[PDB]
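Inspection log for the structure reproduced underneath, given as structure tokens.
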Amino acid sequence: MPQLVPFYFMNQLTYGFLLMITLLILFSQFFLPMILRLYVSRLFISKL
Amino acid sequence: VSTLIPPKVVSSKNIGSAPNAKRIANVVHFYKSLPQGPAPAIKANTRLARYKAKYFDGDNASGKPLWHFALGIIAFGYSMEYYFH
């Protein structure tokens with residue numbers, strides 16, 4: 001069936017690059033600084 | 001004899017000694033370092049905090065939630081083939 005065969009590459013690639021951009025920002029602003037938040041807090045508790 | 005004696009007047013070792021710095025640090029820094037935190041999200045009626053409670057809790061690390069998560073994708077792509085068929 002047509003849905004099961006890629007010929008739709010230009011459409012496909014739109015959805016592909018959208019996922020990447022979402023994750024890039026998401027890691028960079030949200031989840032990476034939030035892991036660094038854990039690390040810094042643990043270290044200040046270690047300090048006192 | 002002499003009732004003149006050193007220990008009867010003291011006014012600098014009565015407050016004197018070093019651990020005061022550690023003291024003023026831990027009265028101000030630690031009083032809101034709550035033992036269990038402020039009761040975090042781990043189980044609630046949202047139908048995904050329930051999911052967290054059963055599967056993705058700190059308590060969990062056993063293979064039962066892994067299995068539960070795993071089984072879905074097998075049924076998913078097989079059906080989606082037939083939804084596209």
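Ordered as shown in the structure tokens, chains take letters A, B, and onward, while each chain numbers its residues from 1 and ligands are numbered from 1 in the order shown.
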Considering only C-alpha atoms, tabulate each residue of chain A that lies at most 7 Å from chain B along with its nearest interatomic pair and the corresponding distance in Å to one decimal; arrange the rows by chain and ascending residue number and present them as a Markdown table.
```
| residue | atom | partner | partner_atom | distance |
| --- | --- | --- | --- | --- |
| A:1 | CA | B:85 | CA | 6.2 |
| A:3 | CA | B:84 | CA | 6.1 |
| A:4 | CA | B:84 | CA | 6.9 |
```
- Item | DSSP-assigned helix (DSSP H, G or I) members of chain B, reported as a ChimeraX atom specification | /B:20-28,49-54,63-83
- Message: Need to verify the contact set: residue 57 (chain B), 12 Å, only C-alpha atoms, exclusion of same-chain residues closer than 6 positions in sequence. Can you return it as a ChimeraX atom specification?
- Response: /B:40-43,48-51,65
Atoms to include: N, CA, C and O atoms. Write the selected residues as a CSV table (one decimal), in the first residue's frame.
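Listed below is the output, part15.csv:
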```csv
chain,number,residue,atom,x,y,z
B,40,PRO,N,7.0,14.8,47.0
B,40,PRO,CA,7.0,14.8,45.5
B,40,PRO,C,6.0,14.0,44.8
B,40,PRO,O,5.3,13.2,45.5
B,41,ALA,N,5.9,14.2,43.5
B,41,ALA,CA,4.9,13.5,42.6
B,41,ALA,C,5.4,12.1,42.3
B,41,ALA,O,6.5,11.9,42.0
B,42,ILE,N,4.5,11.1,42.6
B,42,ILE,CA,4.9,9.7,42.7
B,42,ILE,C,3.7,8.8,42.6
B,42,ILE,O,3.8,7.6,42.5
B,43,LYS,N,2.4,9.4,42.7
B,43,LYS,CA,1.2,8.7,42.7
B,43,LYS,C,0.1,9.8,42.9
B,43,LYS,O,0.1,10.5,43.9
B,48,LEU,N,-1.2,9.1,35.0
B,48,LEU,CA,0.1,8.9,34.5
B,48,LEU,C,1.0,9.1,35.7
B,48,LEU,O,2.2,8.7,35.7
B,49,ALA,N,0.5,9.7,36.9
B,49,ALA,CA,1.2,9.6,38.1
B,49,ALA,C,0.9,8.3,38.7
B,49,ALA,O,1.8,7.8,39.5
B,50,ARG,N,-0.2,7.6,38.4
B,50,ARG,CA,-0.5,6.3,38.7
B,50,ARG,C,0.5,5.3,38.0
B,50,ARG,O,0.9,4.3,38.6
B,51,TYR,N,0.9,5.7,36.7
B,51,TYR,CA,1.8,5.0,35.9
B,51,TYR,C,3.2,5.0,36.5
B,51,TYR,O,3.9,4.1,36.6
B,65,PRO,N,8.0,-3.6,35.0
B,65,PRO,CA,7.6,-2.5,34.2
B,65,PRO,C,8.3,-2.4,32.8
B,65,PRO,O,7.6,-1.9,31.9
```
- Message: Let's see if you can do this: from backbone DSSP, list all strand (DSSP E or B) residues in chain B, as a PyMOL selection string.
- Response: chain B and resi 35-38
- Task: To one decimal in Å, tell me the separation between CA of residue 69 (chain B) and CA of residue 55 (chain B).
- Result: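 These two atoms are separated by 8.9 Å.
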